[PDB]
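Okay, here's what each chain looks like letter by letter:
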Amino acid sequence: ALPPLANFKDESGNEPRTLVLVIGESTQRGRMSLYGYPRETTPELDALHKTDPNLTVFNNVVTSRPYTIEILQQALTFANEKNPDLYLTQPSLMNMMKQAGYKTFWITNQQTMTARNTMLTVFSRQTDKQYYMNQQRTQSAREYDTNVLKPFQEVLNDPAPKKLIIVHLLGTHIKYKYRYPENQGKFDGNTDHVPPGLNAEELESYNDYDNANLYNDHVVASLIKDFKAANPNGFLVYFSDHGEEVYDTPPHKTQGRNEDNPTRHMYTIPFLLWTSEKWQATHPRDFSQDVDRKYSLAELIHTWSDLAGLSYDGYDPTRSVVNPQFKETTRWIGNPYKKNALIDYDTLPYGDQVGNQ
Ligand code: NA
Ligand SMILES: [Zn+2]
């Protein structure tokens, strides 16, 4: 339906490689000990950051929209806040990899209606092979994100030389209590590092979100550990599609996501990159000076093309967070379909708190 990208070039060589893109869900930055949250919510990622020099933690990445399907239309394609409809007239990150000769895979624990024409389904079909692990009635069903590990191990065993693996997690999405098993509520009844003025209902919701962060860390670190245990050639990118306000912002009474009434904790996302030893040897690259760049998830496809070593008509290396030519632009938020409703993310208040900006 769409024409391939013009003047397409692959400069990464022709050796076999496996590239992984982990799409997290609702995980905000300010609630992870990896970014300064005083509760130990991400211990396995913390230790991995201490002992592994190839894990690169990005500290100033925010999303553009706080709703799953509305952000993925921008993150996975050339669309952004100024041109939101480019997911219909330009190729996607999955089309680009197939044009590069990759056998693409889509693994997911989010309920996907394969008989229905949702936009997530259309994205997941653009791959060669799909693994839907959460076919299921609905809310309360209890399908945890470790469902992806066994098929992830199976895709690693596929003998295709060039592989792109996309792992879509339920992450830390509502309802928080159903993201982790019942006997792993480490923060149940805990009241330390809790904002003031919470009732028993708001307190249990707050602690369930940190319990869900704990489990999410286990899943992301396990994907990195299993990938590393295959001694591969390639890298892995983890990002959350958007954040989630959970009584973080004063007066500590708000929970959820609202584009028309935005707070920072809804837009701050983790952004991790793990490069294999073989890939770093063949593509030496220093990322230590990039970790503090102010970056929007809306331009993710340019960072990916850069890392994958791809160039084409439309490739903008100034919007790649790992490129030497990176130039900071305005990190737009707000509904791109309303009349002049775009505002700078930096104008939002409470940027000084730990894990914001
Ligand atoms: Na985009
Ligand atoms: Zn989402």
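Before reading on, note that the structure itself is shown above.
Parameters at a glance
Residues numbered from 1 in each chain as written, not as in the entry; some residues may be left out. Chains lettered and ligands numbered in written order. Heavy atoms only, no water. Helix = DSSP H or I, 4+ residues; strand = E, 2+ residues; numbered from the N terminus. Buried < 20%, exposed > 50% of the residue type's maximum accessible area, 1.4 Å probe, protein only. Contact = heavy atoms within 4.5 Å. Donors = N, O, S within 2.8 Å, 3.2 Å for Na, K, Ca; no water. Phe/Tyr/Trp six-rings, centres within 6.5 Å; stacked < 30°, edge-to-face > 60°. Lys NZ or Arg CZ within 6 Å of the ring centre and 35° of its normal. Pairing = 2+ DSSP bridges. Axes fitted to C-alpha atoms, helices over the stretch in contact; angles between N-to-C directions.

Trainee: In this structure, what is going on with the environment of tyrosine 102? I would like to understand it.
Mentor: By the secondary structure assignment, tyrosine 102 is in the loop between α4 (93–99) and β5 (103–108). When its relative accessible area of 1% is taken as the criterion, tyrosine 102 is described as buried. As a C-alpha pair, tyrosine 102 and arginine 285 span 183 residues in sequence and 23 Å in three-dimensional space. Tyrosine 102 has contacts with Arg17, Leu19, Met97, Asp128, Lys162, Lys163 and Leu164, leaving out every residue within four places of it along the chain.

Trainee: Teacher, can you tell me more about the coordination of the zinc ion (ligand 2) here?
Mentor: Six octahedral donors around a metal ideally sit at 90 or 180 degrees from one another, while four tetrahedral donors ideally sit at 109.5 degrees. Coordination of the zinc ion (ligand 2) by the protein comes from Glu25 (OE), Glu25 (OE), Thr68 (OG1), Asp241 (OD) and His242 (NE2), over a distance range of 1.9 to 2.7 Å. For the zinc ion (ligand 2), the single-chain donor residues occur in sequence as E-x42-T-x172-D-H. Highlighted residues: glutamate 25 in the loop between β2 (17–24) and α1 (43–51) and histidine 242 in the loop between β8 (235–240) and β9 (245–246), separated in sequence by 217 residues. Residues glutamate 25 and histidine 242 agree in their burial class; the two are buried.

Trainee: Before we go on, may I ask you to explain the coordination of the sodium ion (ligand 1) in this structure?
Mentor: Protein ligation of the sodium ion (ligand 1) involves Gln74 (O), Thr77 (O), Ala79 (O) and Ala298 (O), the donor distances falling in the range 1.8 to 2.6 Å. Among the residues examined, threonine 77 registers a relative accessible area of 1% and is labelled buried. When its relative accessible area of 4% is taken as the criterion, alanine 298 is described as buried.

Trainee: Explanation requested: the packing of aromatic side chains in the structure shown.
Mentor: Geometrically, a pair of aromatic rings is defined through the distance of the ring centres and the angle of the planes. Inspection of the entire model under this criterion finds 12 aromatic pairs. With a centroid separation of 4.9 Å and an interplanar angle of 70°, the aromatic rings of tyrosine 176 and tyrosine 209 are classed as edge-to-face. Of this pair, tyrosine 176 sits in the loop between β7 (162–168) and α7 (200–229) while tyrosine 209 sits in helix α7, and the two are 33 residues apart along the sequence. Here the aromatic rings of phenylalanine 235 and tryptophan 304 are separated by 5.4 Å at their centres, their planes lie at 70°, and the arrangement is edge-to-face. Linking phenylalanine 235 in strand β8 with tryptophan 304 in helix α9 (residues 300–308), this pair joins segments that are 69 residues apart in sequence. With respect to class, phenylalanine 235 is no different from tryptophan 304; both count as buried. Of the aromatic side chains, those joined through ring pairs into one cluster are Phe8, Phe78, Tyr312 and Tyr315. Here the basic side chain of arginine 31 rests over the ring of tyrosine 206, its NZ or CZ set 3.8 Å away from the ring centre. If you follow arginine 264 out to its NZ or CZ, it ends over the ring of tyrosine 345, 4.9 Å from the centre.

Trainee: Just checking my understanding: could you explain the sheet that holds β7 for this structure?
Mentor: Two orientations exist for strands paired in a sheet by backbone hydrogen bonds: parallel and antiparallel. One open sheet accounts for 7 strands, arranged β3-β11-β8-β2-β7-β5-β6; its pairing is mixed. The open sheet terminates on both sides in strands that have one partner only, identified here as β3 (55–58) and β6 (129–132). Each adjacent strand pair in this sheet contributes to an overall mean axis angle of 10°, direction not counted. For β2 and β7, the ladder comprises 7 bridges, and the chain directions are parallel. Opposite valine 20, over in β7, you have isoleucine 165 as the bridge partner. α9 contacts β2, β7, β8 and β11 (271–275) of the sheet and is inclined by roughly 170° relative to β8.

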